[PDB]
Structure formats: C-alpha cells, structure tokens
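By convention here, the first residue in the shown sequence is residue 1.
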Amino acid sequence: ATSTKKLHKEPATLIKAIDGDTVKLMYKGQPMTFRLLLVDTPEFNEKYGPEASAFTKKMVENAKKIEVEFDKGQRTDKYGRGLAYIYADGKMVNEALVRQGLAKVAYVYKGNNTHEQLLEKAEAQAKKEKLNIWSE
Ligand SMILES: Cc1cn([C@H]2C[C@H](OP(=O)(O)O)[C@@H](COP(=O)(O)O)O2)c(=O)[nH]c1=O
Ligand SMILES: [Ca+2]
C-alpha cells in the first residue's frame, strides 16, 4: 500500500481582499486571485454581500500570517483563479464565513472535498443560530 501527500499549508501575502470568497495573494512571488473552496458568499450587491466582503477583508487584513492550502484535486477554476482553503493566523476563512452564516456550502466537487464535513457542521450551526443568510 502507498499513500499520497496530506494537505499542507503554504505561506502567501495579502495583496487585496476582493469580496466575501475571493482574495488576491502574492503566492511564490506572483499575484494569484484565489477563490475559496466549498463556499459561496452573496455578491456585493445582494443581501449580506457587503457583510461577507467586510468579514473576509477584516480577517485577511488583520492576519500576520496567511496560508494557502490546496485540496487534492483541481487547483484552478476555468477563470484562472486558484482554488484553496485560506487561513488567517490558523483560522480557516472558508469555515469562518460558513459558521457566521455569510456563506453557503457550495461548489462541492468530490475531487476537492477534504473539508466538506467540517464546513457542513459549521453551516448547520449557523442555520440553528439563524445567522445572516439563514435568519429567515
Ligand atoms: C468554488 C469554486 C468555484 N468555481 C467557479 C464556478 C463558477 O463559475 P461558473 O458559474 O461560470 O461555473 C464561479 C463562481 O464564482 P463566484 O462565486 O466568485 O462568482 O466559480 C469553480 O469552478 N470551482 C470551485 O470549486
Ligand atoms: Ca460568490
């Protein structure tokens, strides 16, 4: 029996926060726009959009340490964005959004589903707490 490498976190530096689920980072010395895996925040012009954007922006701008964690499948989307879990001082932004009710679990592809159950747990707690997108 053999194994594959576990997921691992790589450093990156903030260039700018874009919206609730998109952030531009300097990764291995080149700019890359990352789309957060497994999540969908409202668009800025939709209900809770601004709040989602602001939550991510604050999380990434206040972080001393940002990390990128690719999953085991596709690394880029069809628009060229990197697909990753993003951590800010050890806290997963993807998870934090979902837990706050500012993102839905979404875009769940079996190739890239490592934190599916973690995020579904967060979503269930956000729904029970009637936060944000779940408030009605
Ligand atoms: C999260 C994620 C998004 N996407 C793409 C699909 C959506 O484009 P299509 O609708 O053209 O398929 C797009 C949504 O991005 P935004 O939610 O940033 O608007 O993100 C992936 O392809 N893979 C993924 O894992
Ligand atoms: Ca979105």
Side-chain angles (χ1 to χ4, degrees):
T2 53
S3 282
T4 63
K5 293 323 207 147
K6 61 159 199 58
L7 304 193
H8 66 105
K9 292 174 181 168
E10 303 183 45
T13 299
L14 178 66
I15 294 168
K16 58 166 172 199
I18 294 161
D19 76 351
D21 58 22
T22 317
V23 61
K24 184 175 192 173
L25 308 173
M26 188 72 71
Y27 175 72
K28 295 193 163 311
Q30 303 295 330
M32 180 171 337
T33 298
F34 286 93
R35 178 59 167 76
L36 276 48
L37 280 169
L38 298 186
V39 308
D40 192 33
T41 53
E43 294 188 356
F44 190 70
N45 75 281
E46 286 166 347
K47 204 174 179 182
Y48 299 110
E51 286 79 12
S53 289
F55 180 99
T56 298
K57 175 177 168 82
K58 179 187 190 213
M59 203 167 168
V60 297
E61 291 178 353
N62 284 348
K64 323 158 136 149
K65 180 189 216 175
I66 296 175
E67 296 165 294
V68 167
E69 178 185 66
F70 293 107
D71 208 324
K72 298 216 185 198
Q74 295 182 288
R75 284 196 177 194
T76 75
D77 75 8
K78 58 181 166 160
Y79 301 112
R81 294 182 299 181
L83 291 170
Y85 304 108
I86 300 303
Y87 297 79
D89 297 327
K91 283 205 45 161
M92 204 199 299
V93 180
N94 320 47
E95 189 192 359
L97 283 158
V98 174
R99 180 62 183 85
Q100 203 74 27
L102 290 171
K104 287 188 173 78
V105 173
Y107 302 98
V108 183
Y109 289 100
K110 285 191 195 52
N112 276 324
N113 64 3
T114 292
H115 296 307
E116 173 183 12
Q117 287 171 287
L118 173 78
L119 269 54
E120 286 178 292
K121 194 72 100 143
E123 185 181 80
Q125 292 165 93
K127 279 174 175 203
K128 207 148 178 290
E129 290 174 5
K130 291 173 177 28
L131 295 178
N132 291 302
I133 64 181
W134 309 116
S135 62
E136 289 291 340

_Beyond-backbone contact of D40 with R35, side-chain heavy atoms, under 4.5 angstrom_ = yes
*asked:* If you compare all heavy atoms of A103 against all heavy atoms of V39, which two are closest, and at what distance to 0.1 Å?
replied: CB-CB, 4.0 Å
*For residues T41 and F55, determine if any side-chain heavy atom of one lies less than 4.5 Å from a side-chain heavy atom of the other.*
no
*Check side chain to side chain donor-acceptor pair (under 3.5 Å) between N94 and all other residues, then give those that pass, not counting sequence neighbours.*
none
*Do you know the tightest heavy-atom contact between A63 and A88?*
CB-CB, 3.7 Å
*Answer yes if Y107 and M92 sit in the same cluster of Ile, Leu, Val, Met, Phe, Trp and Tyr residues linked by side chain heavy atoms under 4.5 Å apart, and no otherwise.*
no
*Measure the spacing between OG1 of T76 and CZ of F70 and express it to the nearest 0.5 Å.*
9.0 Å
*Report yes or no: does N112 contribute a side-chain atom to a donor-acceptor pair with the main-chain N or O of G73 at less than 3.5 Å?*
yes
*Considering all heavy atoms of both residues, which atom of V60 and which atom of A17 are nearest to each other, and what is their separation?*
CG2-CB, 4.0 Å
_What I want to find out is whether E61 reaches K57 closely enough, with some N-O distance under 4.0 Å, to be called a salt bridge._
yes
*Are any of the side-chain heavy atoms of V68 and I86 separated by less than 4.5 Å?*
yes
_Please check this pair: side chain of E67 against backbone of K9, looking for a donor-acceptor N/O pair closer than 3.5 Å._
no
Taking only distance into account, with no hydrogens and no angle test, what donor-acceptor pairs under 3.5 Å do side-chain atoms of residues 114-122 form with protein atoms, sequence neighbours excluded?
residue : atom : partner : partner atom : Å
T114    : OG1  : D71     : OD1          : 2.6
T114    : OG1  : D71     : OD2          : 3.4
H115    : NE2  : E69     : OE1          : 3.1

*Which heavy atom of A126 sits nearest a heavy atom of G101, and at what distance?*
CB-N, 3.7 Å
*First locate atom OH of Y109, then atom CG of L37, and finally report the distance between them rounded to the nearest 0.5 Å.*
11.5 Å
*Would you say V93 and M26 are hydrophobically clustered, going by side-chain heavy atoms of ILVMFWY under 4.5 Å?*
no
*Please examine the side chains of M32 and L25, heavy atoms only from C-beta on, and report whether any two atoms are closer than 4.5 Å.*
no
*Can you find a pair of side-chain heavy atoms, one from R99 and one from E129, that are under 4.5 Å apart?*
yes
_Does any part of the side chain of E95, heavy atoms only, come nearer than 4.5 Å to the side chain of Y85, both counted from C-beta?_
no
*Do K104's NZ or CZ and the ring of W134 fall within the cation-pi criteria of under 6.0 Å and 45°?*
yes
*asked:* Are more than 12 heavy atoms, taken from residues, nucleotides or ligands other than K72, located less than 6.0 Å from that residue's NZ atom?
replied: yes
_Does any part of the side chain of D19, heavy atoms only, come nearer than 4.5 Å to the side chain of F44, both counted from C-beta?_
no
*What residue among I15, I18, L14 forms side-chain contact (heavy atoms from CB on, under 4.5 Å) with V23?*
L14
*Exercise: identify the closest heavy-atom pair between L131 and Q100*: CB-O, 3.4 Å
_Minimum heavy-atom distance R81-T22, with the two atoms named_ = NH1-OG1, 3.9 Å
*asked:* Between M59 and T56, does the side-chain contact (heavy atoms from CB on, under 4.5 Å) criterion hold? Intermediate values first, please.
replied: CA-CA 5 Å; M59 203 167 168; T56 298; 5.6 Å; no
